[PDB]
Amino acid sequence: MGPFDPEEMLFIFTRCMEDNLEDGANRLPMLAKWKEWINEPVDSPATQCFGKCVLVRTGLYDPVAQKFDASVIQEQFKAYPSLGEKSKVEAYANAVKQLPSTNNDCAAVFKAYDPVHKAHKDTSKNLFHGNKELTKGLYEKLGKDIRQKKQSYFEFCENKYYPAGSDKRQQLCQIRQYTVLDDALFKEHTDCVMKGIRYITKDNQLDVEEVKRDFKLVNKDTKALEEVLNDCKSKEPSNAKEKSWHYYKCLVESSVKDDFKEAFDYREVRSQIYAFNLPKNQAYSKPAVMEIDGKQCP
Ligand SMILES: [Br-]
Ligand SMILES: [Br-]
Ligand SMILES: [Br-]
Ligand SMILES: [Br-]
Ligand SMILES: [Br-]
Ligand SMILES: [Br-]
Ligand SMILES: [Br-]
Ligand SMILES: [Br-]
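With the working numbering applied, the sequence shown covers 631 to 928.
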């Protein structure tokens, strides 16, 4: 669901690498290539599924249609005119448009796209926030208005809604202790966070699989979580603005609250470096058990 900003592409690339990198000797060499948009080894199932993953998340390959979709290229260029030359973007979109219908397996999808990737590498890399120089520029222009590399997503949202130096900053003392506030500002902040860690989709829908992913990462079973979320969903408010807050509140107040806090805490840590698990997938152990900007909380 494009267009995608630099953080959104970063999320996609890092997630697809986390899910598809091999775990042995080939991990670091593979990572080093994929990071540079070198989709090799082409004969590797890991590379093939990594490539499929990225194509599916960006919408370049539609697994339901069983076809590639050049729409996202045009959407991306519309949003980021500085990131392409029209004739080159058109050439790239045309190559994708003319790919045949393709089966929804990693090998087929990867094999079909690979010639396009190679024939249009720089065009696609620039357009989808893969050019480090251009992307550095955009991050500098956006500053506080986009989550930055090496910045906790939670902190990004906190700074937006409860800025340092303001009379709002003090609320972080309660907020960071899982106090559920009721006001419009907190609902907006919670929307920022829930969407930033992908528990809520861009279209304001719950993604149960994302929540489950984080529970699993802190070594929890998810049966009770699914039961809780099913109950929460039956009481979803009609106001789209309040959906994220609704699920946050429901989780914090539920019979899975302790596991939720544990999972959410770990997610916060991992949100600070998107490539947290890339060099080697890190085992979780529960950390040892307040100040804001160095100022003690009451
Ligand atoms: Br390799
Ligand atoms: Br190769
Ligand atoms: Br996929
Ligand atoms: Br632009
Ligand atoms: Br058709
Ligand atoms: Br279920
Ligand atoms: Br990062
Ligand atoms: Br890395």
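The C-beta atom is built at its ideal place from N, Cα and C for all residues, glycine as well.
Unbroken alpha helix (DSSP H) run spanning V686, endpoints: In the sequence shown, the residue the question calls residue 686 occupies position 56. For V686, the uninterrupted alpha helix (DSSP H) segment begins and ends at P675 to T688.
Beta-bridge pairing of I830 - partner residues as DSSP gives them: Mapped onto the sequence shown, residue 830 falls at position 200. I830 is bridged by DSSP to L836.
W664: first and last residue of the uninterrupted alpha helix (DSSP H) it sits in: Counting from one through the sequence shown, the residue named residue 664 turns up at place 34. Its alpha helix (DSSP H) spans residues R657 to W664.
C787: first and last residue of the uninterrupted alpha helix (DSSP H) it sits in: Here the question's residue 787 lines up with position 157 in the sequence shown. From DSSP, the alpha helix (DSSP H) with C787 extends over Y783 to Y791.
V919, buried or exposed, once every other Cβ within 10 Å from all chains shown has been counted against 16: In the sequence shown, residue 919 corresponds to position 289, counting from 1. Exposed is the call here.
Unbroken alpha helix (DSSP H) run spanning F906, endpoints: Taking the first residue of the sequence shown as position 1, residue 906 is located at position 276. First-last for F906: undefined, no H or E at that position.
Beta-carbon proximity check, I827 vs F816, cutoff 9 Å: Indexing the sequence shown from 1 puts residue 827 at position 197. Indexing the sequence shown from 1 puts residue 816 at position 186. In this structure, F816 does not lie closer than 9 Å to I827 by Cβ.
Any non-hydrogen atom of ligand 4 within 8 Å of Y710 CB: In the sequence shown, the residue the question calls residue 710 occupies position 80. Yes; taking the cut-off as 8 Å, the Cβ of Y710 has a heavy atom of ligand 4 nearer than that.
Beta-carbon contacts of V841 that lie in its chain and below 6 Å, excluding the five residues immediately before and after: Translated into the one-based positions of the sequence shown, residue 841 becomes position 211. Here the set comprises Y829.
Of the listed residues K850, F634 and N734, nearest to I703 (C-alpha basis): Here the question's residue 703 lines up with position 73 in the sequence shown. When only C-alpha atoms are compared, the closest one is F634.
Among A742, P711, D895 and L908, nearest to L640 - alpha-carbon criterion: Sequence index remark: in the sequence shown, residue 640 carries index 10 (1-based). Comparing Cα positions, the closest option is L908.
Start and end residues, alpha helix (DSSP H) containing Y914: Residue 914 sits at position 284 when you count from the first residue of the sequence shown. Where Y914 is concerned, there is no enclosing alpha helix (DSSP H), given that its DSSP letter is neither H nor E.
N- and C-terminal bounds of the alpha helix (DSSP H) containing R645: The count along the sequence shown starts at 1 and reaches residue 645 at position 15. First-last of the alpha helix (DSSP H) with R645: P636 to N650.
Residue of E763, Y896, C736 and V726 minimising C-alpha distance to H747: The residue you call residue 747 lines up with position 117 of the sequence shown. Looking from the CA of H747, the closest CA among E763, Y896, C736 and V726 belongs to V726.
Contact check, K916 vs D889, beta carbons under 9 Å: To locate residue 916, count along the sequence shown from 1; it is residue 286. To locate residue 889, count along the sequence shown from 1; it is residue 259. At least 9 Å separates the beta-carbon of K916 from that of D889.
Those residues which DSSP pairs with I922 across a bridge: Start at 1 with the first residue of the sequence shown, and residue 922 comes out as number 292. Looking at the DSSP assignment, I922 forms a beta bridge with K925.
contact_flag[the region 677-696, the region 713-724] where n(CB pairs < 8 Å) is 3 or more: With the cut-off at 8 Å, the region 677-696 and the region 713-724 do not touch.
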